[PDB]
Each structure stands twice: as structure tokens, then as C-alpha cells.
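Note sheet for the following structure.
Every chain is numbered from 1, with letters handed out A, B, ... down the list of sequences. Counting starts at 1 for both ligands and their atoms, following the listed order.
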Amino acid sequence: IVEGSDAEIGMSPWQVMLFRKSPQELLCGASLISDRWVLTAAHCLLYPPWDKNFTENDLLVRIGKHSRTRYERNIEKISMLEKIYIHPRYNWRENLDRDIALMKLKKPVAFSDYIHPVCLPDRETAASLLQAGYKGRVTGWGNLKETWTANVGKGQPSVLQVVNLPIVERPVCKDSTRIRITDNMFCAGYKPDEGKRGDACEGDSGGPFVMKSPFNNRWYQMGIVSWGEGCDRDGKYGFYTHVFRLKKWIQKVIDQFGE
Amino acid sequence: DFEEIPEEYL
Amino acid sequence: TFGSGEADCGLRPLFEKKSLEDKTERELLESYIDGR
Ligand SMILES: *C(=O)[C@H](CCCCC(=N)N)[C@H]1CCC[C@@H]1O
């Protein structure tokens with residue numbers, strides 16, 4: 001996260017780390033949506049242009065964390081994957097449309113003060129809250145400064161970072177880029193004029209864009225960190241997978257097994 | 001860069 | 001069943017459950033046409 005701040009403890013108990021186990025590295029963020037299911041971006045697992053194709057045994061999920069690099073000994077839980085599910089129409093050839101994947105955990109995590117699932121939006125929550133100008137919140141352990149152009153100024157955080165960003169109008173989104181934007185995406189970020197900055201950045205992909213409902217005070221995940229051009233570049237915006245538009249597939253796959 | 005995790009996780 | 005279990009979703013043990021607010025959540029709520 002670029003221009004964010006350190007998260008408080010327990011501020012985002014659904015945040016998950018996607019961790020590969022050899023070499024040990026952070027791949028991406030993710031989110032806990034029940035005791036056995038994790039949501040992330042499909043491009044974290046599967047991206048043929050770069051010969052990226054992770055399977056279950058390649059990966060660990062780490063839940064309950066705050067420190068990026070510490071093994072957080074009586075706090076985090078580490079889990080193994082039993083099944084990865086990518087959207088059958090994820091478009092990695094062109095524009096990362098339907099950039100979504102579900103992961104089944106080998107066995108359920110227990111909740112705690114540090115581990116708690118986020119809600120998924122329904123129609124009226126989506127309708128009400130997904131409006132330009134409304135702010136949501138993005139969290140992650142990715143770079144603090146632009147890294148598809150690998151950067152200094154500090155580099156990597158020690159703790160989970162947070163930033164709050166406005167949703168932007170679709171015309172301005174589509175006018176900022178040459179990429180074809182779909183209805184399964186939205187964009188977010190401040191405009192060049194507004195004074196404030198901030199963005200997700202490398203290593204943040206796959207993580208939650210969340211909003212808090214003013215009607216029932218619950219946190220809902222509205223987006224997944226999906227893509228962008230650079231990090232925090234003026235006149236560019238982050239793009240997020242639209243979680244409500246792909247909710248039938250999510251329900252479908254967690255109903256089919258589903259046991 | 002990461003601290004060592006327990007070998008029951010690999 | 002209820003949700004996927006929860007039901008309890010999106011209420012954080014250390015914040016909403018204890019009626020405590022985080023440092024920046026007012027910024028979000030104030031952008032939602034403030035409210036009143
Ligand atoms: C994910 O970590 C990044 C980009 C996420 C931030 C995009 C932005 N809002 N500037 C992906 C970029 C290429 C592969 C990475 O997974």
C-alpha cells in the first residue's frame with residue numbers, strides 16, 4: 001500500500017496472506033469469508049504470460065497476522081489448501097476480467113480476536129454503497145512504493161498497512177487507461193486535483209476492498225485488488241474485481257461442495 | 001526474509 | 001447455513017463487538033452522504 005498507515009491490531013481480521021512455501025515468499029493478499037473458504041484474485045494463482053500456475057500443495061494460507069515477516073506464534077494460524085477454484089471465464093489473455101478465485105481450506109480455522117470472516121454483499125448493499133465518491137478500505141503487505149519499477153523510499157512494510165479510497169465514476173476510469181474495462185470491474189483512488197494520495201501496489205493483489213455498512217454496521221467485501229498501472233501514479237486508478245457481480249459463481253461453488 | 005515457520009506446515 | 005456458518009460476519013471482535021471504533025472508520029461513514 002502506497003501512502004497508507006499501519007493497521008491497528010484486529011482492524012482487519014479477515015485479511016489473509018498467501019504464502020509460498022519454497023522459496024518462502026508473500027505472493028498476494030486474500031480474505032476469509034467463512035471458516036473454510038478463502039477469496040483471492042485468480043491472477044495470484046494463474047497467469048500464463050509469466051508461467052505462473054500454482055496448485056494447492058504449492059501454497060500456504062496464513063490467517064490472523066499483523067507482522068509481515070514474523071511467525072506470529074500464538075496468534076496466526078497457518079492452513080493448507082485442499083482445493084483451488086478459478087472462475088472458468090477468468091480472462092488472463094486480455095484484461096483480467098473475472099479475476100476471482102476461491103480456496104477451500106483443508107480443515108476449518110477457528111475464529112478469535114484476530115481471525116474473523118468478512119461479509120459478502122447482497123443486492124441492496126451493493127446498490128446503496130457502490131457509488132462514486134464513497135470510500136472503501138484496502139489492506140495489505142505489499143510494497144510501499146512502485147515496484148514494476150522496483151522502488152526505494154522504504155520498500156516493504158513491517159506491519160499490515162491500510163488506506164481508504166474513494167470509488168470513482170466509470171467514465172473517468174475508462175478514460176484513464178487503454179485497457180478494456182468491464183462491468184465486472186470498478187476503479188478507485190483519488191483524482192490528481194484532490195490533494196490526497198494512496199493506492200494498492202505489488203503484493204497487495206488478491207486482498208479485500210471493504211466498506212462498512214451504515215445500516216447494519218457490518219463490514220462487507222465489495223472488491224478484490226486486481227490491477228492497475230503503476231502504483232499511485234497521478235491520473236491512474238486501481239482496478240478491483242466486482243465481488244457482487246460474481247456472487248452467483250461464488251454461491252454456486254460453495255454450494256456444490258458443499259458437504 | 002520471512003521468519004522460519006514450523007515444519008508441520010510444509 | 002446460516003451464511004457459510006456465519007451470520008457473525010463483518011463484526012470485528014476488537015471493535016464492533018466492544019463498541020470501539022478504529023482510527024479512520026469515520027472517514028468512510030462520512031463519505032456515505034454523511035448520513036445526518
Ligand atoms: C498485485 O499485487 C499487483 C497489483 C495490485 C495493485 C494494483 C494497483 N492498484 N496499482 C499485481 C500487478 C502484476 C502482478 C501483481 O500480482
For ligand 1, does [X] get within less than 4.0 Å through its side chain, its backbone, both, or neither, judged by non-hydrogen atoms?
X: A/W148; answer: side chain
X: A/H43; answer: side chain
X: A/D204; answer: backbone
X: A/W141; answer: neither
X: A/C201; answer: backbone

Need the ligand 1 atom indices (1-based, order shown) with element for anything under 4.0 Å from a heavy-atom of [X].
X: A/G203; answer: 1 (C), 2 (O)
X: A/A200; answer: 6 (C), 8 (C), 9 (N), 10 (N)
X: A/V225; answer: 5 (C), 6 (C)
X: A/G238; answer: 9 (N)

Say whether, by atom type as modelled, one donor and one acceptor occur between the side chain of [X] and the main chain of [Y] under 3.5 angstrom.
X: A/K135; Y: A/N164; answer: no
X: A/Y90; Y: A/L46; answer: yes
X: A/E146; Y: A/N151; answer: no

Can you pull out the closest protein heavy atom to [atom]? Residue, atom name and distance to 0.1 Å, please.
atom: atom 9 (N) of ligand 1; result: A/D199 OD1, 2.9 Å
atom: atom 10 (N) of ligand 1; result: A/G230 O, 2.7 Å
atom: atom 11 (C) of ligand 1; result: A/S205 OG, 2.9 Å

Using the six-membered ring wherever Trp is involved, compare the ring planes of [X] and [Y] and label them parallel, tilted or perpendicular (cut-offs 30° and 60°).
X: A/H242; Y: A/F186; value: perpendicular
X: A/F19; Y: B/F2; value: perpendicular
X: A/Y71; Y: B/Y9; value: tilted

Do A/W219 and C/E16 pair up side chain to side chain, a donor and an acceptor below 3.5 Å, judged on atom types alone? yes
Please work out which of A/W50, A/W227, A/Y240 has its closest non-hydrogen atom nearest to atom 13 (C) of ligand 1. A/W50
Check against side chain to side chain contact (heavy atoms under 4.5 Å, CB included), A/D58 and A/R20: CA-CA 6 Å; A/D58 287 7; A/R20 69 153 160 187; 5.8 Å; no
Should A/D199 and A/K236 count as an ion pair when the cut-off is N to O under 4.0 Å? no
Is there a nitrogen or oxygen of A/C231 sitting under 3.5 Å from a nitrogen or oxygen of ligand 1? no
